[PDB]
Amino acid sequence: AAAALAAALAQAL
Ligand SMILES: *c1ccc([N+](=O)[O-])c2nonc12
C-alpha cells in the first residue's frame with residue numbers, strides 16, 4: 001500500500 005500511495009502522490013505532483 002505504501003508504494004501504491006507513494007506513486008499516486010508522485011504522479012499528482
Ligand atoms: C512505487 C513503485 C515504483 C516506483 N518507481 O519510481 O518506479 C515508485 N516511485 O514512487 N513510488 C513508487
# chains A, B, ... in the order shown; residues from 1 in each chain; ligands from 1
$ select_by_dssp --residues "chain A" --states "alpha helix (DSSP H)" --output "PDB file with C-alpha atoms, in the first residue's frame"
ATOM      1  CA  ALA A   2       2.874   2.299   0.842  1.00  0.00           C
ATOM      2  CA  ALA A   3       4.160   2.066  -2.706  1.00  0.00           C
ATOM      3  CA  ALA A   4       0.735   2.499  -4.257  1.00  0.00           C
ATOM      4  CA  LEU A   5       0.238   5.744  -2.440  1.00  0.00           C
ATOM      5  CA  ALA A   6       3.790   6.946  -2.808  1.00  0.00           C
ATOM      6  CA  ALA A   7       3.344   6.599  -6.540  1.00  0.00           C
ATOM      7  CA  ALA A   8      -0.045   8.307  -6.571  1.00  0.00           C
ATOM      8  CA  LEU A   9       1.398  11.365  -4.829  1.00  0.00           C
ATOM      9  CA  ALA A  10       4.415  11.324  -7.118  1.00  0.00           C
ATOM     10  CA  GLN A  11       2.134  11.489 -10.119  1.00  0.00           C
ATOM     11  CA  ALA A  12      -0.185  14.100  -8.628  1.00  0.00           C
TER      12      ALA A  12
END
